[PDB]
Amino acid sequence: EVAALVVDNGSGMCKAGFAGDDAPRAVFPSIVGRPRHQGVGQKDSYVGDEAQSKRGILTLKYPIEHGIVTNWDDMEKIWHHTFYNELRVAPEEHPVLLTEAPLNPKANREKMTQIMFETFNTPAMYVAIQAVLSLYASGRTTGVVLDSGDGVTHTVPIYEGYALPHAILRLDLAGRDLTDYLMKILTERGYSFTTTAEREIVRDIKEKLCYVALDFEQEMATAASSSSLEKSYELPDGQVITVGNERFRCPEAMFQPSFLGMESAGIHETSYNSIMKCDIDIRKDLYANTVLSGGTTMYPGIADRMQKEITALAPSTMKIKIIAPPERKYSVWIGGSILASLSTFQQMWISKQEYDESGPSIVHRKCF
């Protein structure tokens, strides 16, 4: 009958679509662009791809930082655009499932709820934790999800369907940081990538040529002795550059945050640390179900490296299993699509009547 919408608001990319579809229909930058100056660039503002393209006359703003909404005026713009321009629906006709970052502030959960009902007049809505949706998408109720996107990286242990908040940890290093780092080390070869179009080239190099070394220091030596690891990348004009040990040095930063000057533990240690904060009786299950999600976990070789690193930290008895689905850039969204599609989800939604009865605080009792 009635079709639910699923929206995953990332710090970098928004994924939106219809519950029941196996993939989001709209994937676009989480940006709002407003007139750069105040003179004569037609509308009042732009969102997504159009904003990024018209950046020459706009000043771009990112409403979501570290997965948390920091500008509600701009977030509304993004949601308005999602409904009317990207999905082409009348929001008042569809239940809406929205995702949130682990440990999303209580006040933000209420605000998201208020906006949906009061601004967009949704007949029903729900807020789900991103990590949990990714676990469900992998067909599990227990595991530790390592979600790394554009904002920050989170390790979220989940037991029998529910996250364990006390054990959620984080590494404040993610996709943008790695693009920035690649931009930098590439200059050490004699390349300058400072403009937006240039940062886009770097991001593409990161996404297409980078990989995680099983043994870094050995990968480094391999490179210092041979041109075996070197690739060549053809720039948009025709200019060709050669990418060398930057291919594995860039993602290495995830394991060695000191590369970016951080004194934080790498993702393997953060995962192990989260598991160790959980009841000893469920740790075996967590070690055997470490699930990777998010665009920044897409580097080839990352699962083999995570298996090797976590195996070195955990007792030799523990069976270590890293689950890295090919579709993990959309795992959160897919999980949402499945959840909102279930016949048993009807009573889970916060309805218009419920919102009208308790107000935004209803979210703390319906979505936990």
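From 1 onward, residues are counted along the sequence shown.
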item: Length class of the unmodelled deposited segment, which would lie between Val40 and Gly41; value: 4 to 9
item: Mean C-alpha B-factor comparison - 80-88 and 208-216, higher one; value: 208-216
item: Between 240-248 and 221-229 (mean CA B-factor, as deposited), the higher; value: 221-229
item: Residue of maximum C-alpha B factor among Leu146, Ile185, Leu135, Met298, per deposited coordinates; value: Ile185
item: Selection from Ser337, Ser316, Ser343, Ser30 [criterion: highest C-alpha temperature factor in the record]; value: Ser316
item: Chain thirds of CA B-factor: placement of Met276; value: middle
item: Within-chain third of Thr113 by Cα B-factor, per the entry; value: lowest
item: Third of the chain's Cα B-factor distribution that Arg170 belongs to, per the entry; value: highest
item: Ranked against its chain, the third holding the CA B-factor of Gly266; value: middle
item: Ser331 CA temperature factor, ranked by third within the chain; value: lowest
